[PDB]
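Engineer: Dumping the structure here so I can ask a few things about it.
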Amino acid sequence: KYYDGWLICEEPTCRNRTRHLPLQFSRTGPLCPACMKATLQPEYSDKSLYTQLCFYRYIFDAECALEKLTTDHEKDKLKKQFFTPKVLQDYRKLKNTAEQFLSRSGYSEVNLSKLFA
Amino acid sequence: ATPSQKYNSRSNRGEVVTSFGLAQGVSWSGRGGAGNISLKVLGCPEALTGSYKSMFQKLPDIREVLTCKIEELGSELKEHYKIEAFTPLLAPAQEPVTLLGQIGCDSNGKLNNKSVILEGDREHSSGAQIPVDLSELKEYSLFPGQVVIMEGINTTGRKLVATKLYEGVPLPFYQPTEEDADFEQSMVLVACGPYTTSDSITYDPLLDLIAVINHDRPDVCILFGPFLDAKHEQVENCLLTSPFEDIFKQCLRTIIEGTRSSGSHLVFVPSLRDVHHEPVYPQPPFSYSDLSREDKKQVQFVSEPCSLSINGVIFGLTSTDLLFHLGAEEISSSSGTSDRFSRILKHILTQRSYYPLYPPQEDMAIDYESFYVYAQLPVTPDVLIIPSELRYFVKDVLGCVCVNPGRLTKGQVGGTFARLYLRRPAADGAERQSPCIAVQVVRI
Ligand SMILES: [Zn+2]
């Protein structure tokens, strides 16, 4: 969906939808070919894709969902009740599925060597 | 057994459906591992080896890629045809003008004769768009994303009446060395997936292919994906009881172990329908680590697309259905008696890319920053392998033998595969001397 490349105009009265990236750019971005005074904008940005994959990693992260509990007594009560070592391993396999796609791609990574030097 | 019953009850087994070159019998056979076999990866930096780089894109980089594409092709075309200078698209001019641009449609639908526009380059026209009128053009063949040079009249500066369409020019062929002429005759087998029927998981066609490989003992076998189809009914409904990765390793082990006695080298080319792999074009090689020391000499993993030198013969390998995409969005002047496939293949060879169409198909992810460095034709290939959903064929276009063997499985019935002989003749002669001497498309 992200790699489809749908661009939509920013003007409420134009709202031109296109998959072709124009080579004529304004200061902000691509310039709309229907109304020649507006900029096209991605329908599905890379930040939305990145946030979606961080959500899948977050609904299967039992490690971080346990330190989020207020009282240290309730966290102990259910860790011994439902979260057996077998159960903890199951959530780790589902969590690692979303982590493979997030590992090296999508620039969740920041390269400091290029940033400062 | 209802699964694959129709397939298992086939009667056309072993039938030859197409032949090309010199007539040959049925005793097709290679020397196996005998002799010298050279398998090399060629081209722009070699066909991608690492996993990948990214999955987010910057628009001002896509802009640069497209611009550079247009300028490079235009500069080479200007050098070949010795034209004087290019004119900006928006500049009115009463005399005939020569414009350089790329073809595109003015809407989100299918391209036709009335909806053609030409978008210029940044250096000359600064990315301007003009409509193109094709009423006065006799013969033409156009698809979106084609870098083209037109000659026409543009008096008002808002519409071009095209009158001449310059023909494209291909890349020079590979120049053989002295070693490449000393190689002996070799046999190559080519097959493309899916390797199982649409209603079963048994993978019977795979076993039939392994049996054929063991019987014939060719020199090289090239297998295209998908091995675990993403469009299969059981895959897309998630009825499988195993991880996709494990099933893929099962299939790969079955292929590798079953053809061990043959001594034939194996080449595996990934596909965009492989469920366990990255769905972005171009794709990196498959991942496989359970190989002994013996198997590392016979199994090689390449990317998609790839340029492969087999005994000094250049092969262009691509798994994408470029023929079915280009043909669905290509307009032409002649429709009565003309060859569509030859025309599409000519476009492919003269456009100098493994995917000339822009924008791509609706379900086709392309990363352009890597497409620019990993998916360009280095030279005009000697043999071009282009599997597709269309009918099987073998055609000689512009000195290149283009082979489409089809899919090994088509619906609930079996498909076809292809076999080729290669031997490079003497250096001198009538210029072109195709190293491929015989091709045969055969039923499974
Ligand atoms: Zn607009």
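Residue numbering restarts at 1 for every chain of the structure tokens, chains are lettered A, B, ... in their displayed order, and ligands are numbered from 1 as they appear.
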Return as a PDB file with N, CA and C atoms, in the first residue's frame every polymer residue, whether protein, DNA or RNA, with at least one atom no more than 6 Å from an atom of ligand 1; count only C-alpha atoms and all ligand atoms.
Structural biologist:
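The resulting file, pocket.pdb, is reproduced below:
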ATOM      1  N   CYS A   9      -3.986  15.884  -3.926  1.00  0.00           N
ATOM      2  CA  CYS A   9      -3.754  17.317  -3.816  1.00  0.00           C
ATOM      3  C   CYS A   9      -4.226  17.834  -2.464  1.00  0.00           C
ATOM      4  N   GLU A  11      -5.432  20.965  -1.810  1.00  0.00           N
ATOM      5  CA  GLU A  11      -6.515  21.934  -1.881  1.00  0.00           C
ATOM      6  C   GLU A  11      -7.863  21.236  -1.733  1.00  0.00           C
ATOM      7  N   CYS A  14      -9.757  20.910  -5.009  1.00  0.00           N
ATOM      8  CA  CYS A  14      -9.163  20.132  -6.090  1.00  0.00           C
ATOM      9  C   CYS A  14      -9.186  18.640  -5.784  1.00  0.00           C
ATOM     10  N   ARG A  15      -8.472  18.233  -4.731  1.00  0.00           N
ATOM     11  CA  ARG A  15      -8.369  16.830  -4.319  1.00  0.00           C
ATOM     12  C   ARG A  15      -8.066  15.901  -5.493  1.00  0.00           C
ATOM     13  N   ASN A  16      -7.068  16.257  -6.297  1.00  0.00           N
ATOM     14  CA  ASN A  16      -6.688  15.440  -7.443  1.00  0.00           C
ATOM     15  C   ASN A  16      -5.886  14.228  -6.987  1.00  0.00           C
ATOM     16  N   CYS A  32       0.808  20.165  -8.389  1.00  0.00           N
ATOM     17  CA  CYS A  32      -0.376  19.507  -8.926  1.00  0.00           C
ATOM     18  C   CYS A  32      -0.590  19.870 -10.390  1.00  0.00           C
ATOM     19  N   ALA A  34      -3.414  19.343 -12.205  1.00  0.00           N
ATOM     20  CA  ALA A  34      -4.778  19.758 -12.508  1.00  0.00           C
ATOM     21  C   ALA A  34      -4.958  21.237 -12.199  1.00  0.00           C
ATOM     22  N   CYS A  35      -4.803  21.608 -10.931  1.00  0.00           N
ATOM     23  CA  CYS A  35      -4.676  23.009 -10.556  1.00  0.00           C
ATOM     24  C   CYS A  35      -3.196  23.309 -10.371  1.00  0.00           C
ATOM     25  N   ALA A  38      -0.714  24.187  -6.250  1.00  0.00           N
ATOM     26  CA  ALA A  38      -0.938  23.330  -5.091  1.00  0.00           C
ATOM     27  C   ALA A  38       0.127  22.246  -5.060  1.00  0.00           C
TER      28      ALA A  38
END
Engineer: Skip stretch 349-357 of chain B itself and residues of its chain fewer than 3 positions away, then list as a VMD selection string all residues within 7 Å of it, counting only C-alpha atoms.
Structural biologist: chain B and resid 144 to 146 168 to 170 322 326 345 to 346 360 375 to 377
Engineer: Could you pull out the residues in stretch 360-400 of chain B that DSSP calls strand (DSSP E or B) from the backbone, as a list in words?
Structural biologist: residues 366, 376, 380, 383, 384, 385, 393, 394, 395, 396, 397 and 400 of chain B
Engineer: Can those selected residues be exported to a file as an mmCIF file, in the first residue's frame so that it contains N, CA and C atoms?
Structural biologist:
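Below is the file that was written, out09.cif:
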data_model
loop_
_atom_site.group_PDB
_atom_site.id
_atom_site.type_symbol
_atom_site.label_atom_id
_atom_site.label_comp_id
_atom_site.auth_asym_id
_atom_site.auth_seq_id
_atom_site.Cartn_x
_atom_site.Cartn_y
_atom_site.Cartn_z
ATOM 1 N N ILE B 366 8.104 -1.184 -6.161
ATOM 2 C CA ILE B 366 9.422 -0.910 -6.724
ATOM 3 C C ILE B 366 10.112 0.145 -5.874
ATOM 4 N N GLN B 376 19.418 -2.552 -14.353
ATOM 5 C CA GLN B 376 19.680 -2.043 -15.690
ATOM 6 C C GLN B 376 20.351 -3.120 -16.533
ATOM 7 N N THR B 380 23.102 -6.095 -24.458
ATOM 8 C CA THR B 380 21.996 -6.836 -25.039
ATOM 9 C C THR B 380 22.250 -8.324 -24.839
ATOM 10 N N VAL B 383 20.540 -14.631 -24.719
ATOM 11 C CA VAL B 383 19.270 -15.317 -24.504
ATOM 12 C C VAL B 383 18.541 -14.611 -23.371
ATOM 13 N N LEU B 384 17.259 -14.322 -23.583
ATOM 14 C CA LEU B 384 16.435 -13.643 -22.592
ATOM 15 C C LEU B 384 15.315 -14.570 -22.148
ATOM 16 N N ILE B 385 15.300 -14.911 -20.863
ATOM 17 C CA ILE B 385 14.313 -15.823 -20.295
ATOM 18 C C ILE B 385 13.237 -14.960 -19.650
ATOM 19 N N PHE B 393 6.444 -19.446 -26.146
ATOM 20 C CA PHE B 393 7.000 -19.134 -27.459
ATOM 21 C C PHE B 393 8.520 -19.045 -27.444
ATOM 22 N N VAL B 394 9.132 -19.110 -28.626
ATOM 23 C CA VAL B 394 10.559 -18.856 -28.800
ATOM 24 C C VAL B 394 10.729 -17.999 -30.045
ATOM 25 N N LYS B 395 11.189 -16.762 -29.879
ATOM 26 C CA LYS B 395 11.282 -15.824 -30.991
ATOM 27 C C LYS B 395 12.660 -15.184 -31.060
ATOM 28 N N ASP B 396 13.161 -15.003 -32.278
ATOM 29 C CA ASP B 396 14.426 -14.314 -32.481
ATOM 30 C C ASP B 396 14.171 -12.852 -32.825
ATOM 31 N N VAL B 397 14.398 -11.969 -31.858
ATOM 32 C CA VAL B 397 14.143 -10.542 -32.027
ATOM 33 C C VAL B 397 15.447 -9.788 -31.825
ATOM 34 N N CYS B 400 18.422 -11.553 -30.470
ATOM 35 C CA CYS B 400 18.262 -12.143 -29.148
ATOM 36 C C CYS B 400 17.201 -13.229 -29.216
#
Engineer: Please report, as a tab-separated table, each residue of stretch 175-271 of chain B lying at most 12 Å from stretch 84-104 of chain A, together with the nearest pair of atoms and the separation in Å rounded to one decimal; use only C-alpha atoms, and order rows by chain and ascending residue number.
Structural biologist:
residue	atom	partner	partner_atom	distance
B:243	CA	A:97	CA	11.0
B:244	CA	A:97	CA	11.7
B:245	CA	A:97	CA	11.6
Engineer: Atoms to include: N, CA, C and O atoms. Write the selected residues as a PDB file, in the first residue's frame.
Structural biologist:
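Result saved to result15.pdb:
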ATOM      1  N   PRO B 243       5.076 -22.841   9.786  1.00  0.00           N
ATOM      2  CA  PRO B 243       5.554 -21.531   9.337  1.00  0.00           C
ATOM      3  C   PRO B 243       5.948 -21.571   7.870  1.00  0.00           C
ATOM      4  O   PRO B 243       6.356 -22.610   7.348  1.00  0.00           O
ATOM      5  N   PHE B 244       5.819 -20.425   7.203  1.00  0.00           N
ATOM      6  CA  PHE B 244       6.144 -20.332   5.787  1.00  0.00           C
ATOM      7  C   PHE B 244       7.609 -20.669   5.543  1.00  0.00           C
ATOM      8  O   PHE B 244       7.949 -21.330   4.553  1.00  0.00           O
ATOM      9  N   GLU B 245       8.480 -20.217   6.443  1.00  0.00           N
ATOM     10  CA  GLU B 245       9.913 -20.449   6.324  1.00  0.00           C
ATOM     11  C   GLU B 245      10.237 -21.936   6.315  1.00  0.00           C
ATOM     12  O   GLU B 245      11.031 -22.396   5.488  1.00  0.00           O
TER      13      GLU B 245
END
Engineer: Counting only C-alpha atoms, what is within 8 Å of residue B:334, bar same-chain residues fewer than 3 positions away, as a list in words?
Structural biologist: residues 139, 337 and 338 of chain B
Engineer: Sorted by chain and rising residue number, list the residues of chain A at most 7 Å from chain B (counting only C-alpha atoms), each with its closest atom pair and distance in Å to one decimal, as JSON lines.
Structural biologist:
{"residue": "A:3", "atom": "CA", "partner": "B:365", "partner_atom": "CA", "distance": 5.3}
{"residue": "A:4", "atom": "CA", "partner": "B:365", "partner_atom": "CA", "distance": 6.7}
{"residue": "A:18", "atom": "CA", "partner": "B:108", "partner_atom": "CA", "distance": 6.7}
{"residue": "A:20", "atom": "CA", "partner": "B:359", "partner_atom": "CA", "distance": 6.3}
{"residue": "A:23", "atom": "CA", "partner": "B:127", "partner_atom": "CA", "distance": 4.8}
{"residue": "A:24", "atom": "CA", "partner": "B:127", "partner_atom": "CA", "distance": 5.0}
{"residue": "A:46", "atom": "CA", "partner": "B:56", "partner_atom": "CA", "distance": 5.7}
{"residue": "A:105", "atom": "CA", "partner": "B:54", "partner_atom": "CA", "distance": 4.4}
{"residue": "A:106", "atom": "CA", "partner": "B:55", "partner_atom": "CA", "distance": 4.2}
{"residue": "A:107", "atom": "CA", "partner": "B:54", "partner_atom": "CA", "distance": 6.3}
Engineer: Interatomic distance between atom CA of residue B:284 and atom CA of residue B:303?
Structural biologist: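 One can read the atom CA of residue B:284 to atom CA of residue B:303 distance as 4.9 Å.
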Engineer: Near residue B:413, within 8 Å and counting only C-alpha atoms, which residues show up once chain neighbours fewer than 4 positions away are dropped, as a PyMOL selection string?
Structural biologist: chain B and resi 6-7+10+197+409
Engineer: With C-alpha atoms retained, write the just-selected residues as a PDB file, in the first residue's frame.
Structural biologist:
ATOM      1  CA  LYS B   6      -6.785 -34.419 -13.041  1.00  0.00           C
ATOM      2  CA  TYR B   7      -3.053 -33.680 -13.112  1.00  0.00           C
ATOM      3  CA  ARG B  10      -2.700 -36.507 -17.822  1.00  0.00           C
ATOM      4  CA  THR B 197      -1.646 -27.667  -8.204  1.00  0.00           C
ATOM      5  CA  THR B 409       1.441 -25.580 -13.509  1.00  0.00           C
TER       6      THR B 409
END
Engineer: So that I can see what lies close to residue A:27, please list as a PDB file with N, CA and C atoms, in the first residue's frame the residues with an atom at most 10 Å from it, counting only C-alpha atoms and leaving out residues fewer than 3 positions away in the same chain.
Structural biologist:
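Once everything was written out, this is around_21.pdb:
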ATOM      1  N   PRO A  30       5.849  18.168  -4.900  1.00  0.00           N
ATOM      2  CA  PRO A  30       5.366  18.062  -6.281  1.00  0.00           C
ATOM      3  C   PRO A  30       4.213  19.018  -6.531  1.00  0.00           C
ATOM      4  N   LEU A  31       4.174  19.581  -7.732  1.00  0.00           N
ATOM      5  CA  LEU A  31       3.180  20.590  -8.076  1.00  0.00           C
ATOM      6  C   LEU A  31       2.040  19.908  -8.824  1.00  0.00           C
ATOM      7  N   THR A  39       0.267  21.547  -3.941  1.00  0.00           N
ATOM      8  CA  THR A  39       1.233  20.466  -3.839  1.00  0.00           C
ATOM      9  C   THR A  39       0.540  19.146  -3.528  1.00  0.00           C
TER      10      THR A  39
END
Engineer: At a cut-off of 12 Å, using only C-alpha atoms, what residues contact residue A:78? Leave out same-chain residues fewer than 6 positions from it and give the result as a list in words.
Structural biologist: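 So the residues in contact are residues 62, 66, 69, 71, 72 and 84 of chain A.
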Engineer: Would you mind reading off the distance between atom CA of residue B:264 and atom CA of residue B:188, one decimal, in Å?
Structural biologist: 9.4 Å
Engineer: Work out how far atom CA of residue B:219 is from atom CA of residue B:32, in Å to one decimal.
Structural biologist: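 Interatomic distance, atom CA of residue B:32 to atom CA of residue B:219: 5.1 Å.
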